[PDB]
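Protein chains in written order, with the entry's author numbering: chain G, 314 to 417; chain F, 366 to 417. Working notes for the structure below.
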């Protein structure tokens, strides 16, 4: 009874109710959403400054934070550069999002 | 690495050093001290043990 305000389908399945697969063939998806469901989390790893290598921060133009870090090995005479980023894509309300597939 | 000097309760020197490896993705932290314990005249020292 406490689930009734949260209902999303008009009835429970019949006994041995058949399943129909929509993706009969492999196909590329066209994606649809209403805003606020599809999200990127952006985070920064704690690469320390002052300890060892040079560390500094930038962003992509889409707003994701990037760490650039440079370590110089003076014996082989080489800097190694690492660019790194931490993120999480999520769909918070998968009802606000749909797809169209052609070729079945 | 980053290096600091500190002093213990006994006045001994601590070195703290921190090294970040950006390929491994870790800091390693080392605390270290150098000392010698000396009993110059083992006749000037004694012990009592109870319970035999």
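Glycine residues also receive a C-beta, built at the ideal position from the N, C-alpha and C atoms.
DSSP links residue 382 of chain G through a beta bridge to G/368, G/395. With its beta carbon less than 7 Å from one in chain F, residue 384 of chain G belongs to the interface. Listed along chain G, no residue sits closer than 8 Å to residue 397 of chain F by beta-carbon distance, the nearest being about 16 Å off.
Between residue 410 of chain G and residue 350 of chain G, the gap from beta carbon to beta carbon is short of 7 Å. As a beta-bridge residue in DSSP terms, residue 343 of chain G pairs with G/413. Along the stretch 354–383 of chain G, going in chain order, the ones with a CB nearer than 7 Å to a CB of chain F are 360, 361, 363, 364, 365, 366, 382. Going by DSSP, residue 353 of chain G is part of the beta strand (DSSP E) stretching over 351–356.
Looking from the CA of residue 406 of chain G, the closest CA among G/390, G/380, G/347 belongs to G/347. Under the 10 Å beta carbon count, residue 416 of chain G is surrounded by fewer than 16 other beta carbons and is classified as exposed. Residue G/396 holds the alpha-carbon nearest to the alpha-carbon of residue 387 of chain F among G/375, G/314, G/396, G/371. Among the residues of chain G, those whose CB is under 8 Å from the CB of residue 392 of chain F are 361, 364, following chain order.
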